[PDB]
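**Student:** Below is the sequence, then the experimental coordinates.
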Amino acid sequence: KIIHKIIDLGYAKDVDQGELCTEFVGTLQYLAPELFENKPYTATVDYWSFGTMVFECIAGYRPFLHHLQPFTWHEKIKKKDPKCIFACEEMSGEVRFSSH
Amino acid sequence: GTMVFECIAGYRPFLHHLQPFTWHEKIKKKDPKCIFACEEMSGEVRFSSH
């Protein structure tokens, strides 16, 4: 059977000798909106990364605006309705939200 | 000035291809004596006077 395994922690944070490792990363797309403000983050930051992928592993794309740079891919869902787990763009460029 | 910069980098002194219509509202602030401002891989925007 296929065995999934996490890898590379040259970015992950800890508590012992060596708080954090690096601030920014590369072509972000799957990360909690915490590090996007450099403000006091939490330990739940991982839950988001995992969740987002789980969604994609069912739909085949991001839980919000796919192929849309996280720059604006944020402000558009900044509020992101409660319990919402999806938000694509209608054929007319419109934006639709949904918790289904 | 703008050209001199490009003659060293190979592109605009700020945002490349980014039409001037929205190009200004993005560099209107421009740090004290800034001469560069591209867009990160994540579409983000970064400024620099180097």
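**Tutor:** Perfect, thanks for sending it. Residues are numbered from 1 along each chain as shown, chains lettered A, B, ... in the order given.

**Student:** ok, residue A:76 touching residue A:96?
**Tutor:** No. Judged on CB atoms under 8 Å, residue A:76 makes no contact with residue A:96 at a distance of 11.3 Å. No exception for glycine: its C-beta is placed from N, CA and C like everyone else's.

**Student:** mind listing the helices for chain A?
**Tutor:** Secondary structure of chain A (DSSP state H): helices located at A:45-59, A:72-75.

**Student:** which parts of chain A sit against chain B?
**Tutor:** Residues of chain A found near chain B (CB under 8 Å from any CB of the partner chain) are A:24, A:26, A:27, A:28, A:29, A:69, A:70, A:71, A:72, A:73.

**Student:** make it 6 Å
**Tutor:** Counting by CB under 6 Å from any CB of the partner chain, chain A comes close to chain B at A:26, A:27, A:28, A:69, A:70, A:71.

**Student:** Filter those down to just the buried residues.
**Tutor:** Among the residues of chain A next to chain B, the ones that count as buried by 16 or more other CB atoms under 10 Å in any protein chain shown are A:28, A:69, A:70.

**Student:** ok now do residue A:69, which residues does it touch?
**Tutor:** residue B:43 (CB atoms under 6 Å, 6 or more residues apart in numbering or on different chains).

**Student:** make it 10 Å
**Tutor:** Listed by CB atoms under 10 Å, 6 or more residues apart in numbering or on different chains, the contact set of residue A:69 reads A:27, A:28, A:29, B:39, B:40, B:41, B:42, B:43, B:44.
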